[PDB]
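*Asks:* Shown below is the structure under consideration.
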Amino acid sequence: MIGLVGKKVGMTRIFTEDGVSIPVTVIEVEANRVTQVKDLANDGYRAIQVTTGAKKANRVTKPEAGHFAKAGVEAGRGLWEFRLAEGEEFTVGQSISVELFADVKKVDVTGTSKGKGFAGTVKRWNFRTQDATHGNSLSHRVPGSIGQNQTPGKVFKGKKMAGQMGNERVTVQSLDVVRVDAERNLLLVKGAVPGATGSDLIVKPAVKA
Amino acid sequence: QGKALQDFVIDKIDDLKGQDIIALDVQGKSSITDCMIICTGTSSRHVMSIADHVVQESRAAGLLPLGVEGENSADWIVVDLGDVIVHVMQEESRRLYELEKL
Amino acid sequence: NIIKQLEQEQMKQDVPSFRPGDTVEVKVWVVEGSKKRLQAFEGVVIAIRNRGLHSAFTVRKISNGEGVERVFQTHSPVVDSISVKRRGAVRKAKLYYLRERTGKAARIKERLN
Amino acid sequence: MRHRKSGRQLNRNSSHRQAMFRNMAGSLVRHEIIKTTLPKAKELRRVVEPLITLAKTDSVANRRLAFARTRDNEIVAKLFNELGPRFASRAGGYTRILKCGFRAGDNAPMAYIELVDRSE
Amino acid sequence: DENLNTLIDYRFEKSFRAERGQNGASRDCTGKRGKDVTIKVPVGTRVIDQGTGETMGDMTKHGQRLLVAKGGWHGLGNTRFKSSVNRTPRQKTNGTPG
Amino acid sequence: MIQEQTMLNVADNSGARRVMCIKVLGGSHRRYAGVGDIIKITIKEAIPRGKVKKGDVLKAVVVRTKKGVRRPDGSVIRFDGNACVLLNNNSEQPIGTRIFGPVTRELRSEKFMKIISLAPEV
RNA sequence: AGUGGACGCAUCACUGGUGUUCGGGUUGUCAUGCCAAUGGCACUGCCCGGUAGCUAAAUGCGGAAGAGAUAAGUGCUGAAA
RNA sequence: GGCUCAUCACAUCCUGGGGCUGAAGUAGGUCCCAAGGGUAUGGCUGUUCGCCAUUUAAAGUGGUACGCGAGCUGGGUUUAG
RNA sequence: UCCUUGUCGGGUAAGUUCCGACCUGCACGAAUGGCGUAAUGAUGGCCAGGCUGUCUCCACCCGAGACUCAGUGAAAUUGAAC
RNA sequence: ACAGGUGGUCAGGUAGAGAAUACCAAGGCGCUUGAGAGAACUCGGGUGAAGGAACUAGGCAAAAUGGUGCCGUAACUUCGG
């Protein structure tokens, strides 16, 4: 089925009567009004475009403003689409709430994780950190060897070495769902999800069994 | 429920020649076990059968044993039922350990 | 906002207040099979970390000549009753110095109030 | 990794930083005019404004704690006597940033941080 | 062998050679010890030799290993023979056969 | 967290007093032994009249760890001094008769009911 | 069906580590006129802690289950004969 | 030579599928297909190799001018004592 | 001292290192000195107690560079290069 | 206008045995490029959960003890140590 769109708010753990601690992630997913419905005849694939939240009218770009006007919905922070899965059909302007995830009980959450800047090789691919003593000079955490001798003479692209990590799309799969609240606009999921506090993210039913 | 299972285990072990039966009460002394029953085994074959006997009546009584220890050695072996724990021991091997000091 | 409201609904409102260095008696539940007992635990608190519903404190006792340190969560159902026996008199929030000194030479006096 | 961190060090150690704003807070109060580069003035609000709101009430202990900063009897005497009553009805924002181009030495961003009125 | 009673594994395979100890290599690389092949035998097999036709030991219990043919002795390379009397270590010492 | 090349204390009347763990068990590249595991050790100090003679290598079970265990409710049980209880080589039955000091309750799921039956403290 | 070893992603809510912009104890000395109270220097003067943030040893998850065409192989019908 | 970083081939160490088996079951022996993944820590000497202790299912074999010093060390090789 | 990792014992789980014992002295040998020697040594080797980021295994923090801006402004090398 | 070398003369207070050391008096300076960013990485350091040399050729580097007063102090020995 389709997913929902929320954002990280904080971390807390829920207590059971049996005395088991379940650390959950607080996700706030409100009424995700559908902005556009796509069909095979007109678009080649069946999907619906959805938005959430409210955006200040000054920053609402005028071409964007007309887009929501056609759908009959107010402004949003973004326009993500969730694909349809052969048998559930929706209409433009329909609002979907937390109650859709009342039975999935397993979700995969994806989003833009925290950016680490220009992180080193050790922080990126967890290298083995050449010895810092026993005569070692000016090379304590450098990558070291990156290639072979006069043979071919190139480093194969895809090599693991220094670069920028984080601030990229990443998915964590099969997260246990603990509690769903529609009246209080809450989504509690066992574990941790990518992104920081307030970063936008999308949650979908788990594709695994 | 402890007294009912205590009667259920003491009767079954005695049905297959289980001698030197003493029921201990460690309530208050220790916070792990509720009741302590001790048993004597002459040698390896039948004490394993006693362990085989008690584990299969437990499966037929609903309560699932949560741990056993005796493997490739019959000097000691334990079968657990939660509140009540049975210790079937060899007579020669018991004297090395304690008797009614637990 | 939503975090704080979620914190307060699961909060425990019957936890007594104890000082960092008092002698505290705590009874902790045990989940074993189908029947549960209460475990009485002796010791003196050496550290207090009061942080929301996840507030925790560390208690230390001596058993068979060996020191064991136990931690708890104040707002958890695992603990049942936290009672203070004698009130300590120390000006340090963190009593991490008890490890180096021996027990017999590190008795804490009463607060007298 | 400077995530959710506040306060700069300006390529200067902690010993310099405390002494740096020690003079900066005192000089701003004594004269009520300053021509310093923006990063000084931008980070200047960390110290002087808490000092001014420390002068909202007059007490012996309050002045002693205020004396621990600004390292000067003359500066603290200026507080609690005129900075207090003048800013009594104002809650915060005792300083204003006024960028004034670049210096001729090394082209650093010049800025003014000043009191609202200065009573001058 | 307690978990078997078969003896056909002796007519199907009658000749076996323990691997010869590999010759020493350059860079002062010694030869790896030939892996000891274990011949499983059912309990109660008394062994006779051509020559000293006396049993080295009867097989009664399960889980014990008996040695019937000890391995040879490794050879000595020219590096071990380094000296100034010859000033040219080139002689070779072959290993004693098992 | 106890790895190779470390000396521990002894929590039974076997005879050893200062033992040094010989190799961590559990799998390939096992960095750390937990609190419920089969850790094998060697003897560095023992009473001459005891059952074990100093220098022997034999299995053991760790009972107390300085870091502690992880309770399912975010709790740890810290100790003062790592301790172990000896084992036979072929069989995992400890040889000692008494156990000194408290023992964590997480070892119930570890299937080492020798220590649980003994050690009356906790 | 569970529980583990190695690797990867997320994470600060739990256990901690750091946390020289936070508080406190203390030595020598100088200074603020002095008592008291404070500031500088001596590696942050030496230490005890610990906000946020970062992080692991801390906790959640991942490898799939499947589908199509296949190697070795096992087959049905089946003539060439 | 060690540390770091790896790449490819299959004459496959394990995992995977089968034939024969002298395959009662388990544990195995040989061969075929299969490179997707993984494919030890220590004491001794500079040692690669190797003797031993001890783990894992495994501690595979090779090529890459027997990889990699404008990456690191110089313990062997080392002019001058 | 080629056979020397000579053979055995101690030390460690494991010791081509170290110490003790056995002499089969290729090529020990008595002022180009032999045998012991307290103390002494920035002398070679080995072992033990404490200690620790040497390492398992890396994380954070403080300063000087590295990066941006402004001013001054270098060198090896270079047949020609799309 | 160089982190180098260069002989003599005078030698304050505090605590300290001291011309060591930490601060200060008179005096002399802030060392002729700075303002920002708070990445990898390089250099000098601080601290660290559990382990305590398991790394390495080698305890290399680090880390550790360190003063005063009392008691006590081994084999050997040239009687001094």
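We name chains A, B, ... following the order of the structure tokens; residues begin at 1 in each chain, and ligands are numbered from 1 as shown.
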I want to know what sits within 12 Å of residue F:48, based on only C-alpha atoms (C1' of nucleotides), with residues of the same chain fewer than 3 positions away left out; could you give that as a list in words?
*Replies:*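 Counting only C-alpha atoms (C1' of nucleotides), the residues come to residues 14, 15, 16, 17, 45, 51, 52, 53, 54 and 55 of chain F.
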*Asks:* Using only C-alpha atoms (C1' of nucleotides), find each residue of stretch 9-72 of chain G with at least one atom at most 7 Å away from an atom of stretch 60-77 of chain I; report its shortest atom-to-atom pair and that distance in Å (one decimal), sort the rows by chain and rising residue number, and return the result as a Markdown table.
*Replies:*
| residue | atom | partner | partner_atom | distance |
| --- | --- | --- | --- | --- |
| G:18 | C1' | I:60 | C1' | 3.9 |
| G:19 | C1' | I:61 | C1' | 6.7 |
| G:20 | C1' | I:62 | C1' | 5.6 |
| G:54 | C1' | I:60 | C1' | 6.8 |
*Asks:* Convert the current residue selection to file output with N, CA and C atoms (P, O5', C5', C4', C3', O3' and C1' of nucleotides), as a PDB file, in the first residue's frame.
*Replies:*
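Once written, again26.pdb looks like this:
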ATOM      1  P     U G  18      35.630  11.158  30.180  1.00  0.00           P
ATOM      2  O5'   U G  18      35.782  12.275  29.057  1.00  0.00           O
ATOM      3  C5'   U G  18      36.835  12.214  28.108  1.00  0.00           C
ATOM      4  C4'   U G  18      36.502  13.012  26.874  1.00  0.00           C
ATOM      5  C3'   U G  18      36.080  14.451  27.119  1.00  0.00           C
ATOM      6  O3'   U G  18      37.187  15.325  27.262  1.00  0.00           O
ATOM      7  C1'   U G  18      34.552  13.416  25.635  1.00  0.00           C
ATOM      8  P     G G  19      37.213  16.426  28.434  1.00  0.00           P
ATOM      9  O5'   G G  19      35.986  17.382  28.096  1.00  0.00           O
ATOM     10  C5'   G G  19      35.986  18.187  26.926  1.00  0.00           C
ATOM     11  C4'   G G  19      34.593  18.650  26.581  1.00  0.00           C
ATOM     12  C3'   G G  19      33.850  19.384  27.685  1.00  0.00           C
ATOM     13  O3'   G G  19      34.196  20.756  27.769  1.00  0.00           O
ATOM     14  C1'   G G  19      32.457  17.705  26.801  1.00  0.00           C
ATOM     15  P     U G  20      34.150  21.514  29.185  1.00  0.00           P
ATOM     16  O5'   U G  20      35.300  22.611  29.077  1.00  0.00           O
ATOM     17  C5'   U G  20      36.661  22.226  28.909  1.00  0.00           C
ATOM     18  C4'   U G  20      37.606  23.373  29.165  1.00  0.00           C
ATOM     19  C3'   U G  20      37.519  24.524  28.166  1.00  0.00           C
ATOM     20  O3'   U G  20      37.849  25.747  28.825  1.00  0.00           O
ATOM     21  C1'   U G  20      39.680  23.587  28.092  1.00  0.00           C
ATOM     22  P     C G  54      24.660  15.164  17.302  1.00  0.00           P
ATOM     23  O5'   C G  54      26.167  14.650  17.304  1.00  0.00           O
ATOM     24  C5'   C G  54      27.116  15.155  16.376  1.00  0.00           C
ATOM     25  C4'   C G  54      28.497  14.632  16.672  1.00  0.00           C
ATOM     26  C3'   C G  54      28.616  13.120  16.781  1.00  0.00           C
ATOM     27  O3'   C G  54      28.764  12.492  15.517  1.00  0.00           O
ATOM     28  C1'   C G  54      29.676  14.126  18.637  1.00  0.00           C
TER      29        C G  54
END
*Asks:* Provide as number ranges by chain the residues of chain G at most 9 Å from chain C, counting only C-alpha atoms (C1' of nucleotides).
*Replies:* G: 13-14, 24, 48-49
*Asks:* Could you write out the selected residues, including N, CA, C and O atoms (P, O5', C5', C4', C3', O3' and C1' of nucleotides), as a PDB file, in the first residue's frame?
*Replies:*
ATOM      1  P     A G  13      18.454  12.455  24.268  1.00  0.00           P
ATOM      2  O5'   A G  13      17.341  11.317  24.197  1.00  0.00           O
ATOM      3  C5'   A G  13      16.296  11.257  25.154  1.00  0.00           C
ATOM      4  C4'   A G  13      16.092   9.850  25.654  1.00  0.00           C
ATOM      5  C3'   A G  13      17.340   9.139  26.153  1.00  0.00           C
ATOM      6  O3'   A G  13      17.685   9.490  27.481  1.00  0.00           O
ATOM      7  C1'   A G  13      16.167   7.714  24.687  1.00  0.00           C
ATOM      8  P     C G  14      19.206   9.355  27.978  1.00  0.00           P
ATOM      9  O5'   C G  14      19.307   7.857  28.510  1.00  0.00           O
ATOM     10  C5'   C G  14      18.411   7.373  29.501  1.00  0.00           C
ATOM     11  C4'   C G  14      18.317   5.869  29.476  1.00  0.00           C
ATOM     12  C3'   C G  14      19.601   5.116  29.791  1.00  0.00           C
ATOM     13  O3'   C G  14      19.835   4.996  31.182  1.00  0.00           O
ATOM     14  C1'   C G  14      18.602   4.203  27.851  1.00  0.00           C
ATOM     15  P     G G  24      30.621  28.185  41.743  1.00  0.00           P
ATOM     16  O5'   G G  24      31.222  26.914  42.493  1.00  0.00           O
ATOM     17  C5'   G G  24      30.496  26.276  43.534  1.00  0.00           C
ATOM     18  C4'   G G  24      31.101  24.946  43.912  1.00  0.00           C
ATOM     19  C3'   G G  24      32.504  24.979  44.495  1.00  0.00           C
ATOM     20  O3'   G G  24      32.532  25.344  45.863  1.00  0.00           O
ATOM     21  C1'   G G  24      32.374  23.278  42.868  1.00  0.00           C
ATOM     22  P     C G  48      39.404  13.665  38.572  1.00  0.00           P
ATOM     23  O5'   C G  48      38.105  14.022  39.419  1.00  0.00           O
ATOM     24  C5'   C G  48      37.968  13.597  40.767  1.00  0.00           C
ATOM     25  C4'   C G  48      36.654  14.055  41.339  1.00  0.00           C
ATOM     26  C3'   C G  48      35.468  13.932  40.397  1.00  0.00           C
ATOM     27  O3'   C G  48      34.901  12.635  40.417  1.00  0.00           O
ATOM     28  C1'   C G  48      35.502  16.100  41.343  1.00  0.00           C
ATOM     29  P     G G  49      34.534  11.887  39.045  1.00  0.00           P
ATOM     30  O5'   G G  49      32.952  12.030  38.954  1.00  0.00           O
ATOM     31  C5'   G G  49      32.343  12.719  37.875  1.00  0.00           C
ATOM     32  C4'   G G  49      31.431  13.814  38.365  1.00  0.00           C
ATOM     33  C3'   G G  49      30.505  14.415  37.323  1.00  0.00           C
ATOM     34  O3'   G G  49      29.343  13.632  37.111  1.00  0.00           O
ATOM     35  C1'   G G  49      31.560  16.151  38.527  1.00  0.00           C
TER      36        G G  49
END
*Asks:* From a backbone DSSP assignment, name each residue in stretch 12-116 of chain D labelled strand (DSSP E), as a list in words.
*Replies:*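 Strand (DSSP E) members of stretch 12-116 of chain D, listed: residues 36, 37, 95, 96, 97, 98, 99, 100, 101, 102, 109, 110, 111, 112, 113, 114 and 115 of chain D.
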*Asks:* Do you know which residues are at most 12 Å from residue J:77 counting only C-alpha atoms (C1' of nucleotides), after dropping those on the same chain fewer than 4 positions away, and could you put them as a VMD selection string?
*Replies:* (chain I and resid 37 to 39) or (chain J and resid 81)
*Asks:* Could those residues be written to a file, using N, CA, C and O atoms (P, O5', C5', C4', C3', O3' and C1' of nucleotides), as a PDB file, in the first residue's frame?
*Replies:*
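Result went into out32.pdb, see below:
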ATOM      1  P     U I  37      81.802 -13.954  38.156  1.00  0.00           P
ATOM      2  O5'   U I  37      82.415 -12.738  38.981  1.00  0.00           O
ATOM      3  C5'   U I  37      82.538 -12.803  40.394  1.00  0.00           C
ATOM      4  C4'   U I  37      83.522 -11.785  40.908  1.00  0.00           C
ATOM      5  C3'   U I  37      83.218 -10.337  40.567  1.00  0.00           C
ATOM      6  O3'   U I  37      82.253  -9.761  41.429  1.00  0.00           O
ATOM      7  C1'   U I  37      85.491 -10.789  40.114  1.00  0.00           C
ATOM      8  P     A I  38      80.718  -9.644  40.964  1.00  0.00           P
ATOM      9  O5'   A I  38      80.085  -8.613  41.998  1.00  0.00           O
ATOM     10  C5'   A I  38      79.973  -8.939  43.374  1.00  0.00           C
ATOM     11  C4'   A I  38      80.408  -7.791  44.246  1.00  0.00           C
ATOM     12  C3'   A I  38      79.961  -6.411  43.790  1.00  0.00           C
ATOM     13  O3'   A I  38      78.629  -6.111  44.165  1.00  0.00           O
ATOM     14  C1'   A I  38      82.260  -6.352  44.308  1.00  0.00           C
ATOM     15  P     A I  39      77.582  -5.583  43.068  1.00  0.00           P
ATOM     16  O5'   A I  39      78.031  -4.079  42.804  1.00  0.00           O
ATOM     17  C5'   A I  39      78.139  -3.153  43.875  1.00  0.00           C
ATOM     18  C4'   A I  39      79.097  -2.038  43.541  1.00  0.00           C
ATOM     19  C3'   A I  39      78.789  -1.260  42.274  1.00  0.00           C
ATOM     20  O3'   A I  39      77.808  -0.256  42.468  1.00  0.00           O
ATOM     21  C1'   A I  39      81.067  -1.868  42.279  1.00  0.00           C
TER      22        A I  39
ATOM     23  P     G J  81      80.013   2.698  52.274  1.00  0.00           P
ATOM     24  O5'   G J  81      80.020   2.974  50.705  1.00  0.00           O
ATOM     25  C5'   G J  81      78.906   2.626  49.898  1.00  0.00           C
ATOM     26  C4'   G J  81      79.287   1.625  48.837  1.00  0.00           C
ATOM     27  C3'   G J  81      78.129   0.937  48.128  1.00  0.00           C
ATOM     28  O3'   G J  81      77.621   1.716  47.059  1.00  0.00           O
ATOM     29  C1'   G J  81      79.752  -0.670  48.776  1.00  0.00           C
TER      30        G J  81
END
*Asks:* Find the distance between atom CA of residue A:176 and atom CA of residue A:10 and write it in Å to one decimal.
*Replies:*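 So the answer is 16.9 Å.
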*Asks:* Let me make sure I understand: among F:71, F:63, F:37, F:18, which one has the smallest atom-to-atom distance to chain A if we use only C-alpha atoms?
*Replies:* F:71
*Asks:* May I ask you to extract the residues of chain A within 7 Å of chain F, using only C-alpha atoms, and to give them as a PyMOL selection string?
*Replies:* chain A and resi 19-21
*Asks:* Restrict the selected residues to N, CA and C atoms and save them as a CSV table (one decimal), in the first residue's frame.
*Replies:*
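Ended up saving to result.csv:
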chain,number,residue,atom,x,y,z
A,19,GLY,N,7.4,-5.3,32.1
A,19,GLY,CA,8.7,-4.8,32.4
A,19,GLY,C,9.7,-4.9,31.3
A,20,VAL,N,9.3,-4.5,30.1
A,20,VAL,CA,10.2,-4.5,29.0
A,20,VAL,C,10.3,-3.1,28.4
A,21,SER,N,11.5,-2.6,28.1
A,21,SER,CA,11.7,-1.3,27.6
A,21,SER,C,11.7,-1.3,26.1
*Asks:* Could you please write out, as a PyMOL selection string, every residue of stretch 36-101 of chain D that DSSP assigns to alpha helix (DSSP H)?
*Replies:* chain D and resi 38-44+48-54+60-68+73-78+83-86
*Asks:* Using only C-alpha atoms (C1' of nucleotides), determine which residues lie at most 7 Å from stretch 42-57 of chain E, disregarding the query and same-chain residues fewer than 4 positions distant; provide the list as a ChimeraX atom specification.
*Replies:* /E:1-2,4-5
*Asks:* I'd like the contact shell of stretch 19-34 of chain I - 8 Å cut-off, only C-alpha atoms (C1' of nucleotides), skipping same-chain residues fewer than 4 positions apart - returned as a PDB file with N, CA, C and O atoms (P, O5', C5', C4', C3', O3' and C1' of nucleotides), in the first residue's frame.
*Replies:*
ATOM      1  N   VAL E  85      84.324 -22.759   7.184  1.00  0.00           N
ATOM      2  CA  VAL E  85      85.226 -23.834   6.786  1.00  0.00           C
ATOM      3  C   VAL E  85      85.019 -24.199   5.322  1.00  0.00           C
ATOM      4  O   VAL E  85      85.990 -24.421   4.590  1.00  0.00           O
TER       5      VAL E  85
ATOM      6  P     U I   1      82.621 -20.392  14.810  1.00  0.00           P
ATOM      7  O5'   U I   1      81.584 -21.487  15.324  1.00  0.00           O
ATOM      8  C5'   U I   1      82.034 -22.722  15.871  1.00  0.00           C
ATOM      9  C4'   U I   1      81.090 -23.849  15.537  1.00  0.00           C
ATOM     10  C3'   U I   1      79.643 -23.639  15.979  1.00  0.00           C
ATOM     11  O3'   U I   1      78.765 -24.247  15.033  1.00  0.00           O
ATOM     12  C1'   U I   1      80.501 -25.588  16.996  1.00  0.00           C
ATOM     13  P     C I   2      78.368 -23.475  13.679  1.00  0.00           P
ATOM     14  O5'   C I   2      78.714 -24.525  12.531  1.00  0.00           O
ATOM     15  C5'   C I   2      78.620 -24.158  11.165  1.00  0.00           C
ATOM     16  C4'   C I   2      78.193 -25.317  10.299  1.00  0.00           C
ATOM     17  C3'   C I   2      77.300 -26.353  10.958  1.00  0.00           C
ATOM     18  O3'   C I   2      75.945 -25.946  11.010  1.00  0.00           O
ATOM     19  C1'   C I   2      78.995 -27.432   9.697  1.00  0.00           C
ATOM     20  P     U I   7      68.329 -31.376  19.455  1.00  0.00           P
ATOM     21  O5'   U I   7      67.988 -32.377  20.642  1.00  0.00           O
ATOM     22  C5'   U I   7      68.339 -33.749  20.567  1.00  0.00           C
ATOM     23  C4'   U I   7      68.656 -34.296  21.933  1.00  0.00           C
ATOM     24  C3'   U I   7      67.787 -33.768  23.064  1.00  0.00           C
ATOM     25  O3'   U I   7      66.531 -34.415  23.154  1.00  0.00           O
ATOM     26  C1'   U I   7      70.050 -33.631  23.702  1.00  0.00           C
ATOM     27  P     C I   8      65.223 -33.574  23.564  1.00  0.00           P
ATOM     28  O5'   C I   8      65.317 -33.477  25.151  1.00  0.00           O
ATOM     29  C5'   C I   8      65.406 -34.653  25.940  1.00  0.00           C
ATOM     30  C4'   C I   8      65.921 -34.359  27.327  1.00  0.00           C
ATOM     31  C3'   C I   8      65.158 -33.311  28.119  1.00  0.00           C
ATOM     32  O3'   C I   8      63.960 -33.799  28.695  1.00  0.00           O
ATOM     33  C1'   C I   8      67.471 -32.894  28.301  1.00  0.00           C
ATOM     34  P     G I   9      62.660 -32.857  28.763  1.00  0.00           P
ATOM     35  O5'   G I   9      62.937 -31.897  30.005  1.00  0.00           O
ATOM     36  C5'   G I   9      62.909 -32.401  31.333  1.00  0.00           C
ATOM     37  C4'   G I   9      63.458 -31.404  32.324  1.00  0.00           C
ATOM     38  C3'   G I   9      62.734 -30.069  32.411  1.00  0.00           C
ATOM     39  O3'   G I   9      61.574 -30.133  33.222  1.00  0.00           O
ATOM     40  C1'   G I   9      65.073 -29.707  32.327  1.00  0.00           C
ATOM     41  P     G I  10      60.376 -29.083  33.016  1.00  0.00           P
ATOM     42  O5'   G I  10      60.973 -27.701  33.539  1.00  0.00           O
ATOM     43  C5'   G I  10      61.293 -27.509  34.910  1.00  0.00           C
ATOM     44  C4'   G I  10      61.780 -26.105  35.164  1.00  0.00           C
ATOM     45  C3'   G I  10      60.900 -25.000  34.602  1.00  0.00           C
ATOM     46  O3'   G I  10      59.833 -24.685  35.477  1.00  0.00           O
ATOM     47  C1'   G I  10      63.172 -24.580  34.054  1.00  0.00           C
TER      48        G I  10
END
*Asks:* When you look at residue D:3 with a cut-off of 10 Å (counting only C-alpha atoms (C1' of nucleotides)), what residues show up, excluding the ones that are within fewer than 5 positions of it in the same chain? I need them as a list in words.
*Replies:*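 What passes the distance filter is residues 114, 115 and 116 of chain A; 52, 53 and 54 of chain G.
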*Asks:* In Å, how far is it from atom CA of residue F:121 to atom CA of residue B:55?
*Replies:*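 We find that atom CA of residue F:121 and atom CA of residue B:55 lie 28.0 Å from each other.
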